[PDB]
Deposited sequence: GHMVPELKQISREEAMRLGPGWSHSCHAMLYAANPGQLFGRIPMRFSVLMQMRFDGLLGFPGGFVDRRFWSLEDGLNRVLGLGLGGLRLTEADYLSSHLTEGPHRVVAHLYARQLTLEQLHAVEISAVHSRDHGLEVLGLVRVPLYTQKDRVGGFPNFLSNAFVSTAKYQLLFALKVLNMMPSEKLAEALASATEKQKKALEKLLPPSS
């Protein structure tokens, strides 16, 4: 169980006054036919990143609406380097963050080929933001090993930007990349792992 964030419509988000900050982040993913150890289907690979503050999050950042539309802003704030362009067709959701500052978090999601996803990873290591704001990209493992913790459940027990962890689970669910009951199982495994470490 994660703390539920309030979802609002894009139209509502556009009506927000100047006292609201807007963040735009991108969930880039690819179908992945690979099989770990020749037997565990990887299904999809999703990109996240280690941030300067020691937490996992998505590529992106704050967008100043005095100057930019959400899409123009996002494409400018993507510390991936490259030629990838996101459009309003890739817009997925807007959620109000936990605060206390007034922030709406916009999520864009785009499916790429696995070769294109790798090109993004290569671009990122050469990016101006690498080693400053961004400390490295990681692929999310969506599979679970036989021990029932290796892979996705262990991954979910990492330290996230709270908004990004919610957005990841939200997107996996609404984009039909993972059944909800499987997400619940991985999250339960991660949360119990965390609780028993703290004992």
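Asks: Report the unmodelled segments of the deposited sequence as residue ranges counted from 1.
Replies: Since the structure holds only modelled residues, the stretches it omits are 1-2, 84, 203-209.
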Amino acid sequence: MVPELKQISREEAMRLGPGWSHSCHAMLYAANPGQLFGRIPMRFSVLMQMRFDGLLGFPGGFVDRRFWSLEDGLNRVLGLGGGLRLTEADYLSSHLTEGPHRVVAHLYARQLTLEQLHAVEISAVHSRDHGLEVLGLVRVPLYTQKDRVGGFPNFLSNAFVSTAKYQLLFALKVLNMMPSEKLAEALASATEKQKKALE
From here on, numbers count along this sequence of modelled residues.
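Asks: Per the record, averaged over C-alpha atoms, which has the higher B-factor: 72-80 or 119-127?
Replies: The entry gives the higher C-alpha B-factor average to 72-80.
Asks: Using only the Cα atoms and their B-factors as the entry lists them, report which of 21-29 and 177-185 averages higher.
Replies: Higher mean C-alpha B-factor: 177-185.
Asks: Comparing recorded Cα B-factors across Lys165, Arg139, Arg148, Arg51, which one is largest?
Replies: Across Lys165, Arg139, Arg148, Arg51, the entry lists the biggest C-alpha B-factor for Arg148.
Asks: Hey, what third does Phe67 fall into on Cα B-factor, ranked over its chain?
Replies: Ranked within chain, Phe67 CA B lands in the highest tercile.
Asks: Based on the deposited C-alpha B factors for this chain, I'd like to know if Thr87 is in the lowest, middle or highest third.
Replies: It falls in the top third of the chain.
Asks: What third of its chain, lowest, middle or highest, does the C-alpha temperature factor of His101 fall into?
Replies: Highest third, going by the recorded CA B-factors of the chain.
Asks: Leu36's Cα B-factor: lowest, middle or highest third of the chain?
Replies: According to the entry, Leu36 has a C-alpha B-factor in the chain's highest third.
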